[PDB]
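Participant: Sending over entry_13.txt (compact mmCIF, C-alpha atoms).
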```txt
# COMPACT_ATOMS: atom_id res chain seq x y z
CA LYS L 333 78.76 168.71 145.67
CA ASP L 334 75.48 170.50 146.45
CA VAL L 335 76.02 173.64 144.38
CA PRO L 336 73.51 176.47 143.72
CA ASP L 337 75.16 177.24 140.39
CA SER L 338 72.42 176.29 137.95
CA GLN L 339 72.49 179.02 135.30
CA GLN L 340 74.71 177.71 132.51
CA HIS L 341 74.09 174.15 133.67
CA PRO L 342 71.04 172.67 135.32
CA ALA L 343 73.31 169.90 136.46
CA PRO L 344 75.73 169.87 139.36
CA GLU L 345 78.91 169.50 137.39
CA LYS L 346 76.85 167.39 135.06
CA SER L 347 74.00 164.94 135.55
CA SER L 348 72.19 164.66 138.80
CA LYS L 349 69.33 163.14 136.83
CA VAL L 350 70.64 163.38 133.25
CA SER L 351 73.02 160.54 132.69
CA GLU L 352 70.70 158.38 134.78
CA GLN L 353 67.92 159.56 132.49
CA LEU L 354 70.00 159.06 129.35
CA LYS L 355 70.84 155.66 130.53
CA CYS L 356 67.09 155.34 130.87
CA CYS L 357 66.66 157.00 127.51
CA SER L 358 68.95 154.54 125.81
CA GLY L 359 67.11 151.61 127.36
CA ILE L 360 64.04 153.41 126.18
CA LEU L 361 65.23 154.15 122.69
CA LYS L 362 67.13 150.97 122.44
CA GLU L 363 63.80 149.70 123.56
CA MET L 364 62.41 151.34 120.47
CA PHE L 365 65.35 149.90 118.73
CA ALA L 366 63.96 146.53 119.78
CA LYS L 367 62.75 144.33 116.94
CA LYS L 368 59.27 144.93 118.32
CA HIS L 369 59.25 148.60 117.50
CA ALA L 370 61.11 147.77 114.38
CA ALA L 371 57.81 147.39 112.67
CA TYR L 372 57.46 151.02 113.56
CA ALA L 373 60.86 152.47 114.44
CA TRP L 374 63.10 151.08 111.84
CA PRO L 375 62.80 154.14 109.44
CA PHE L 376 63.85 155.77 112.64
CA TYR L 377 66.57 153.30 113.70
CA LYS L 378 68.54 155.03 111.00
CA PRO L 379 68.72 158.45 109.25
CA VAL L 380 66.83 159.80 106.30
CA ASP L 381 68.67 159.05 103.11
CA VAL L 382 67.44 161.78 100.96
CA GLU L 383 69.30 160.56 97.93
CA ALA L 384 67.80 157.19 98.71
CA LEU L 385 64.14 157.66 99.54
CA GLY L 386 64.24 160.11 96.67
CA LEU L 387 63.72 163.23 98.76
CA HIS L 388 65.82 166.05 97.23
CA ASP L 389 63.22 168.25 98.88
CA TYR L 390 64.67 167.09 102.21
CA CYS L 391 66.84 170.08 102.88
CA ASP L 392 63.61 172.15 102.73
CA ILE L 393 62.01 169.96 105.24
CA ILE L 394 64.52 168.13 107.21
CA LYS L 395 66.94 170.54 108.83
CA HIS L 396 67.85 168.27 111.56
CA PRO L 397 66.88 164.79 110.62
CA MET L 398 66.72 162.81 113.67
CA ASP L 399 66.37 159.13 114.01
CA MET L 400 66.36 156.59 116.77
CA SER L 401 70.00 155.67 116.21
CA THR L 402 70.95 159.28 116.36
CA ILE L 403 69.10 160.17 119.50
CA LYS L 404 70.24 156.82 120.61
CA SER L 405 73.79 157.46 119.72
CA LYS L 406 73.85 161.00 120.91
CA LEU L 407 72.22 159.69 123.94
CA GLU L 408 75.00 157.20 124.36
CA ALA L 409 77.48 159.80 123.09
CA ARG L 410 76.22 161.74 125.99
CA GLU L 411 75.46 164.72 123.79
CA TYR L 412 72.20 164.39 125.60
CA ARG L 413 72.08 167.18 127.98
CA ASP L 414 69.62 164.82 129.47
CA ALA L 415 66.55 162.85 128.63
CA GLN L 416 64.93 166.00 127.55
CA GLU L 417 67.56 165.93 124.88
CA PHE L 418 66.70 162.30 124.40
CA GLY L 419 63.01 162.79 123.98
CA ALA L 420 63.81 165.88 122.12
CA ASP L 421 65.32 164.17 119.15
CA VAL L 422 63.14 161.04 119.50
CA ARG L 423 60.33 163.37 118.92
CA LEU L 424 62.38 165.40 116.48
CA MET L 425 62.91 162.18 114.63
CA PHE L 426 59.17 161.65 115.01
CA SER L 427 58.96 165.23 113.66
CA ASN L 428 61.17 164.76 110.57
CA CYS L 429 58.62 162.12 109.75
CA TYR L 430 55.62 164.43 110.22
CA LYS L 431 57.25 167.51 108.58
CA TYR L 432 58.20 165.69 105.43
CA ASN L 433 55.51 163.11 105.11
CA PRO L 434 51.70 163.11 105.41
CA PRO L 435 50.56 162.01 108.89
CA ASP L 436 49.16 158.77 107.43
CA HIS L 437 52.59 157.87 106.18
CA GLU L 438 54.43 154.74 107.32
CA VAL L 439 57.34 156.62 108.88
CA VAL L 440 54.97 158.97 110.63
CA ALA L 441 53.02 155.86 111.53
CA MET L 442 55.99 154.63 113.45
CA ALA L 443 56.59 157.97 115.03
CA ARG L 444 53.07 158.03 116.54
CA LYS L 445 53.47 154.40 117.54
CA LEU L 446 56.99 154.86 118.85
CA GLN L 447 55.25 157.70 120.60
CA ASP L 448 53.20 155.13 122.46
CA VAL L 449 56.37 153.32 123.51
CA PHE L 450 58.85 156.23 123.64
CA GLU L 451 56.73 158.70 125.57
CA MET L 452 55.54 155.97 127.96
CA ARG L 453 59.19 155.02 128.29
CA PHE L 454 60.13 158.64 128.72
CA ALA L 455 57.58 159.04 131.43
CA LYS L 456 59.03 156.18 133.48
CA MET L 457 62.31 158.04 133.43
CA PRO L 458 63.96 159.65 136.48
CA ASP L 459 63.33 163.30 137.36
CA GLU L 460 63.00 163.00 141.00
CA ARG B 1 59.65 173.39 96.05
CA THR B 2 56.37 171.53 96.33
CA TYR B 3 56.68 168.44 98.51
CA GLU B 4 56.08 165.84 95.83
CA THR B 5 58.32 163.37 97.63
CA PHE B 6 58.09 161.50 100.90
CA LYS B 7 60.54 159.15 102.66
CA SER B 8 59.83 156.21 100.33
CA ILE B 9 59.29 153.12 102.45
CA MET B 10 59.93 149.63 101.08
CA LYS B 11 59.97 149.34 97.29
CA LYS B 12 56.81 147.26 97.05
CA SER B 13 56.20 148.32 93.46
```
Let me see the structure of the file written as structure tokens.
Facilitator:
Amino acid sequence: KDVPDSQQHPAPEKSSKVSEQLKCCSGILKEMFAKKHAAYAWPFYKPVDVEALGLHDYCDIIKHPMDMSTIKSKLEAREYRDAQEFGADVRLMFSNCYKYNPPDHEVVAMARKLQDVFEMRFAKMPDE
Amino acid sequence: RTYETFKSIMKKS
């Protein structure tokens, strides 16, 4: 309680803001996971299937394919060091879209649109 | 290689 040890961890023992944020994040991603953003988050709700979409180039592009579900799940898995891990992979999932695809692409189209929701979401997160 | 592919979205064809 009230420790100045913030080198290896920014958090106290863990989460002064984080898990509150993640919890925010989830409601924020699971927000994106809402059937409203699922016009523009659903290639994100789930991972890149490189054998599916016909990628094969993928492993050139997509090192760390992120998707809503994954930053959602990691979020909920509490891999999320905090929201900045949340919005990290939300945007990384927005990235895997941009890296692979042209920025006029449907997936990237979501990403920028999810960026309307997500980042607005993200901004209403804790921090205090 | 050259990025000929993209994440194919909805087989409309």
Participant: Report, in Å with one decimal, the straight-line distance from atom CA of residue 457 of chain L to atom CA of residue 353 of chain L.
Facilitator: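 Atom CA of residue 353 of chain L lies at a distance of 5.9 Å from atom CA of residue 457 of chain L.
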Participant: Could you work out how far atom CA of residue 397 of chain L lies from atom CA of residue 349 of chain L, giving the answer in Å with one decimal?
Facilitator: 26.4 Å
Participant: How many Å separate atom CA of residue 415 of chain L from atom CA of residue 354 of chain L?
Facilitator: 5.2 Å
Participant: Edge lengths and centre in Å to one decimal, as AutoDock Vina command-line options, is what I'm after for the box along x, y and z that holds all listed atoms of chain B once 3 Å is added on each side.
Facilitator:
```
--center_x 58.3 --center_y 160.3 --center_z 98.1 --size_x 10.5 --size_y 32.1 --size_z 15.2
```
Participant: As a list in words, could you give me every residue of chain B near chain L (at most 7 Å apart, counting all atoms listed in the file)?
Facilitator: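 Result, ordered by chain then number: residues 1, 3, 5, 6, 7 and 8 of chain B.
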Participant: If you count all atoms listed in the file, which residues fall within 10 Å of residue 362 of chain L, apart from same-chain ones fewer than 2 positions away, as a PyMOL selection string?
Facilitator: chain L and resi 356-360+364-367+369+377+400-401+403-405+450
Participant: Show which residues sit within 10 Å of residue 449 of chain L, as number ranges by chain. Count all atoms listed in the file, and ignore same-chain residues fewer than 3 positions away.
Facilitator: L: 360-361, 363-364, 369, 443-446, 452-455
Participant: Missing atoms in segment 405-421 of chain L: can you complete it with N, CA, C and O atoms, as a PDB file, in the frame of the given file?
Facilitator:
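Now in result11.pdb:
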```pdb
ATOM      1  N   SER L 405      72.365 157.349 119.771  1.00  0.00           N
ATOM      2  CA  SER L 405      73.790 157.460 119.720  1.00  0.00           C
ATOM      3  C   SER L 405      74.256 158.693 120.416  1.00  0.00           C
ATOM      4  O   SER L 405      75.237 158.652 121.101  1.00  0.00           O
ATOM      5  N   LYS L 406      73.570 159.789 120.205  1.00  0.00           N
ATOM      6  CA  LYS L 406      73.850 161.000 120.910  1.00  0.00           C
ATOM      7  C   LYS L 406      73.586 160.839 122.366  1.00  0.00           C
ATOM      8  O   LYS L 406      74.306 161.364 123.207  1.00  0.00           O
ATOM      9  N   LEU L 407      72.499 160.157 122.653  1.00  0.00           N
ATOM     10  CA  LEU L 407      72.220 159.690 123.940  1.00  0.00           C
ATOM     11  C   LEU L 407      73.444 159.037 124.557  1.00  0.00           C
ATOM     12  O   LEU L 407      73.970 159.477 125.579  1.00  0.00           O
ATOM     13  N   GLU L 408      73.870 157.972 123.906  1.00  0.00           N
ATOM     14  CA  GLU L 408      75.000 157.200 124.360  1.00  0.00           C
ATOM     15  C   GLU L 408      76.313 157.984 124.251  1.00  0.00           C
ATOM     16  O   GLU L 408      77.247 157.775 125.024  1.00  0.00           O
ATOM     17  N   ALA L 409      76.368 158.887 123.279  1.00  0.00           N
ATOM     18  CA  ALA L 409      77.480 159.800 123.090  1.00  0.00           C
ATOM     19  C   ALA L 409      77.533 160.775 124.215  1.00  0.00           C
ATOM     20  O   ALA L 409      78.557 161.407 124.476  1.00  0.00           O
ATOM     21  N   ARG L 410      76.385 160.899 124.845  1.00  0.00           N
ATOM     22  CA  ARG L 410      76.220 161.740 125.990  1.00  0.00           C
ATOM     23  C   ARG L 410      76.198 163.198 125.545  1.00  0.00           C
ATOM     24  O   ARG L 410      76.557 164.104 126.297  1.00  0.00           O
ATOM     25  N   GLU L 411      75.755 163.406 124.299  1.00  0.00           N
ATOM     26  CA  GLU L 411      75.460 164.720 123.790  1.00  0.00           C
ATOM     27  C   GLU L 411      74.229 165.192 124.519  1.00  0.00           C
ATOM     28  O   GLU L 411      74.005 166.382 124.743  1.00  0.00           O
ATOM     29  N   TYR L 412      73.434 164.192 124.881  1.00  0.00           N
ATOM     30  CA  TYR L 412      72.200 164.390 125.600  1.00  0.00           C
ATOM     31  C   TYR L 412      72.423 165.063 126.892  1.00  0.00           C
ATOM     32  O   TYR L 412      72.983 164.516 127.843  1.00  0.00           O
ATOM     33  N   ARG L 413      71.992 166.302 126.865  1.00  0.00           N
ATOM     34  CA  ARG L 413      72.080 167.180 127.980  1.00  0.00           C
ATOM     35  C   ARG L 413      71.297 166.567 129.098  1.00  0.00           C
ATOM     36  O   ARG L 413      71.514 166.842 130.274  1.00  0.00           O
ATOM     37  N   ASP L 414      70.365 165.742 128.650  1.00  0.00           N
ATOM     38  CA  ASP L 414      69.620 164.820 129.470  1.00  0.00           C
ATOM     39  C   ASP L 414      68.553 164.185 128.622  1.00  0.00           C
ATOM     40  O   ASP L 414      68.559 164.306 127.402  1.00  0.00           O
ATOM     41  N   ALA L 415      67.690 163.456 129.267  1.00  0.00           N
ATOM     42  CA  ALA L 415      66.550 162.850 128.630  1.00  0.00           C
ATOM     43  C   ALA L 415      65.736 163.808 127.830  1.00  0.00           C
ATOM     44  O   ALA L 415      65.099 163.435 126.864  1.00  0.00           O
ATOM     45  N   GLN L 416      65.722 165.043 128.230  1.00  0.00           N
ATOM     46  CA  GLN L 416      64.930 166.000 127.550  1.00  0.00           C
ATOM     47  C   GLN L 416      65.629 166.383 126.265  1.00  0.00           C
ATOM     48  O   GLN L 416      65.067 167.043 125.397  1.00  0.00           O
ATOM     49  N   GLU L 417      66.852 165.881 126.136  1.00  0.00           N
ATOM     50  CA  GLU L 417      67.560 165.930 124.880  1.00  0.00           C
ATOM     51  C   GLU L 417      67.284 164.635 124.138  1.00  0.00           C
ATOM     52  O   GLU L 417      67.213 164.602 122.909  1.00  0.00           O
ATOM     53  N   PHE L 418      67.122 163.559 124.914  1.00  0.00           N
ATOM     54  CA  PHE L 418      66.700 162.300 124.400  1.00  0.00           C
ATOM     55  C   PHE L 418      65.374 162.428 123.686  1.00  0.00           C
ATOM     56  O   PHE L 418      65.288 162.337 122.460  1.00  0.00           O
ATOM     57  N   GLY L 419      64.348 162.667 124.486  1.00  0.00           N
ATOM     58  CA  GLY L 419      63.010 162.790 123.980  1.00  0.00           C
ATOM     59  C   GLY L 419      62.839 163.967 123.086  1.00  0.00           C
ATOM     60  O   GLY L 419      61.811 164.122 122.447  1.00  0.00           O
ATOM     61  N   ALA L 420      63.853 164.777 123.005  1.00  0.00           N
ATOM     62  CA  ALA L 420      63.810 165.880 122.120  1.00  0.00           C
ATOM     63  C   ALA L 420      63.979 165.404 120.701  1.00  0.00           C
ATOM     64  O   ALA L 420      63.193 165.742 119.822  1.00  0.00           O
ATOM     65  N   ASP L 421      64.986 164.583 120.489  1.00  0.00           N
ATOM     66  CA  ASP L 421      65.320 164.170 119.150  1.00  0.00           C
ATOM     67  C   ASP L 421      64.580 162.891 118.788  1.00  0.00           C
ATOM     68  O   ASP L 421      64.457 162.586 117.615  1.00  0.00           O
TER      69      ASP L 421
END
```
